[PDB]
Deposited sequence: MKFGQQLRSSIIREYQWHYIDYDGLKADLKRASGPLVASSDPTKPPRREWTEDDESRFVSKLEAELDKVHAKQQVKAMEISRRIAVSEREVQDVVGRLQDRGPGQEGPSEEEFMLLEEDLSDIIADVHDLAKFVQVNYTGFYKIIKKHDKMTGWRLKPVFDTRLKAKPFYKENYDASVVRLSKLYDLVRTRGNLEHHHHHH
């Protein structure tokens, strides 16, 4: 594989300082402080090395989850203000081609922002998934049993955000047709 270069190439300036420190966590796995193990020598992985890695991994997990929250909530706010704008536009034109034009460009920008956030969620989820399996393969100590459900854990906004994205798709189809 070539994730180290893949993640670096797929960096958006909007999320630039909030991506996984994949190279940083990979370097931490090589920094073992236990007894020297012979192989036809490299130091062994300890409880202290494990505690250091988990703390560094959790700090990276919070950094990603914080950026995922701020952007999704801003998108949910952007959907809410645009939904009202479409509602009074469809309402007034029931009781102008330019009005649909401005709304079509505004709603499509949110769809692109949803995809760019989905790309960030994708590249980061793969990042943690790959580094956790790398830890289990290099050290021998398994981190996957509790970290698989920690990454699959759904935040508070996720249920309301997914419904907003569903409405956004319906709002865009309504302005494009009329």
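Coordinate coverage of the deposited sequence is interrupted at 41-45, 101-108, 192-201, where no C-alpha atom was modelled.
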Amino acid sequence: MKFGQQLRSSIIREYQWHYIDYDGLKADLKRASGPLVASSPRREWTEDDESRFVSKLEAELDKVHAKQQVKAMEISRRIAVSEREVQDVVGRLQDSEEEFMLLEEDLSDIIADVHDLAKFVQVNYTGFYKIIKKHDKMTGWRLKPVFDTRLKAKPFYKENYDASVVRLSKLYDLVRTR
From here on, numbers count along this sequence of modelled residues.
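Averaged over Cα atoms, the B-factor as recorded in the entry is higher for 83-91 than for the other of 83-91 and 68-76. When the CA B factors of the chain's modelled residues are split into thirds, the value for residue 154 lands in the middle one. For residue 14, the recorded CA temperature factor ranks within the highest third of the chain's modelled residues. In the deposited entry, the Cα temperature factor of residue 112 sits in the middle third of values across the chain's modelled residues. Among all modelled residues in this chain, the alpha-carbon of residue 41 has a temperature factor (C-alpha) in the highest third.
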